[PDB]
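Take a look at this one chain, the form deposited without this ligand, written out in structure tokens.
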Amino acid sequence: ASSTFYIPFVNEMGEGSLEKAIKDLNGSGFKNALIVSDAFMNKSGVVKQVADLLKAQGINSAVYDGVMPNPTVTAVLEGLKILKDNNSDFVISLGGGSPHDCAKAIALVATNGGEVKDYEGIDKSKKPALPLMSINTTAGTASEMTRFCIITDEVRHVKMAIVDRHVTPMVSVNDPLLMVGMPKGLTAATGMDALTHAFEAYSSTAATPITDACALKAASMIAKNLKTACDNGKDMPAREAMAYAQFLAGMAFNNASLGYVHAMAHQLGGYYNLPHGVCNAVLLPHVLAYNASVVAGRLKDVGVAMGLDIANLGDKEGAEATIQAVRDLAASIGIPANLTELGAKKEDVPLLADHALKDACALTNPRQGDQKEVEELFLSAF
């Protein structure tokens, strides 16, 4: 089957990539940047940092730090208000996945005029988004390079997936210098989110030789660095490795798509308002076991990439040994042991599974189940 590989045409990486990306704006014509970010990014001073570097280049900026996890239409609308009142001609997301998603929606609407909901689906926008630069500060999401934009309707209580090549940032930035500050908990969660992207992309029915290569490289680098990055966030080599790893994982899932881990995790997070990262982290092992009955061999490929001594094992054993390795890694970095700790409730599963099967990510899972299998899958995670 034919395929399509989406990605920003310019992707800056490594220590110093931030200064470089900002200096390249010289002669771009941009004068007013709308910086979309987290309250935590503005408090630590990262927002000022970017604002100042922009200044030195003669570029002004307005800040909207009202972005919280699970970006909503309200947040998008607020950012659009600031953009309007400042006539921002450029958008810069700063932070983790939430900021990137919110920025993409703001940028798309700014040029397409209408409502977020109108663009839910595949390539619904008629025109390119307002130019957008995405500066990533967590090592697991890759939203700074995907053509995905997921915004939550707070009123209806619904998550809308915008799959549009127009939301692909014009420039992505992955400077590990901005990731050093990630506390151990965040490092572990976003790291597992990235590992999840690798696993799901490699297991996807839309996998291609390119996504395969990226996903495996991501898994390998994660197995080699995540634990290190968690034990000591000052280890620059580890931070940089995780930055390339999460990007490679995005190169894979942005194009092969995901599976049941995210189909489900999107529900737990968007219902209990839990962190995207940790939800996938706790669900991963259980979904892999569920899929092992269909992609045992490929799961073994990932384990080998991860350095596991399973090359001489049959696929079943190799797969089970891989899953066990994921469980061990998760424990070693303190991921919560189950959905019970996450604060999930068995009474909500019937609805969680119901929405899970309707999530855009479910279509590519290797093993397709019914409203009753997904419910039982969920229950097995508590």
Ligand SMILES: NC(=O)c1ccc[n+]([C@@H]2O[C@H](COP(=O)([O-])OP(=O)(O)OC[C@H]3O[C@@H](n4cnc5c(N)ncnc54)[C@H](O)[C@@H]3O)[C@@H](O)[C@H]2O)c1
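One rule holds for the numbers: they count along the sequence shown, beginning at 1.
**OP:** Would you determine, from the values in the PDB entry, which of 357 to 365 and 8 to 16 has the greater average C-alpha temperature factor?
**Re:** Higher mean C-alpha B-factor in the PDB entry: 357 to 365.
Subject >> Average Cα temperature factor in the PDB entry - higher stretch of 367 to 375, 17 to 25 >> reply: On average, C-alpha B-factors are higher across 367 to 375.
Original post:
Which of these, 156, 165, 227, 100, has its C-alpha atom at the highest B-factor, as the entry lists it?
Top reply: In the PDB entry, the greatest C-alpha B-factor among 156, 165, 227, 100 is found at 156.
Original post:
Looking at 289, 306, 213, 238, which has the biggest Cα B factor in the entry?
Top reply: If I rank 289, 306, 213, 238 by C-alpha B-factor, first place goes to 289.
Original post:
What third of its chain, lowest, middle or highest, does the C-alpha temperature factor of residue 202 fall into?
Top reply: Lowest third.
Subject >> Relative C-alpha B-factor of residue 160, binned into the chain's lowest, middle or highest third >> reply: As the PDB entry reports it, the C-alpha B-factor of residue 160 lands in the highest third of its chain.
Subject >> Lowest, middle or highest third - CA B-factor, residue 79 >> reply: For residue 79, the deposited C-alpha B-factor lands in the lowest third.
**OP:** Classify residue 255 as lowest, middle or highest third according to the C-alpha B-factor given in the PDB entry, relative to its own chain.
**Re:** Residue 255: CA B-factor falls in the lowest third of its chain.
Subject >> residue 191 by Cα B-factor - lowest, middle or highest third of the modelled chain >> reply: Lowest third.
Here the subject shifts to the form solved in complex with this ligand, a form of this protein not shown in this document.
**OP:** Using heavy atoms only and a 4.5 Å cut-off, determine which of 259, 169, 79, 99 is in contact with this ligand in the entry with it bound.
**Re:** Exactly one residue meets the criterion: 99.
**OP:** Note which of 196, 203, 134, 190 lies within 4.5 Å of this ligand in the entry with it bound, where distance is taken over heavy atoms; exactly one does.
**Re:** Comparing distances to this ligand in the entry with it bound, the residue within 4.5 Å is 190.
Subject >> Three-residue site 209, 289 and 300 fully in contact with this ligand in the entry with it bound at 4.5 Å by heavy atom >> reply: Result no, not one residue of the spot touches this ligand.
Original post:
Can residue 323 be called a contact residue for this ligand in the entry with it bound at 4.5 Å between heavy atoms?
Top reply: No, residue 323 stays farther than 4.5 Å from this ligand in the entry with it bound.
Original post:
If you check in the entry with it bound, is residue 179 within 4.5 Å of this ligand, heavy atoms only?
Top reply: Close contact exists here: in the entry with it bound, residue 179 approaches this ligand to within 4.5 Å, heavy atoms only.
Original post:
Is there a non-hydrogen atom of residue 119 within 4.5 angstroms of a non-hydrogen atom of this ligand in the entry with it bound?
Top reply: The answer is no: residue 119 has no heavy atom within 4.5 Å of this ligand.
Original post:
Is residue 285 close to this ligand in the entry with it bound, meaning a heavy atom pair under 4.5 Å apart or at it?
Top reply: Because no heavy atom of residue 285 falls inside 4.5 Å of this ligand in the entry with it bound, the answer is no.
Subject >> Partner-proximal stretch of 314 to 322, 332 to 340, 346 to 354, 33 to 41 relative to this ligand in the entry with it bound, 4.5 angstroms, heavy atom >> reply: The contacting stretch here is 33 to 41.
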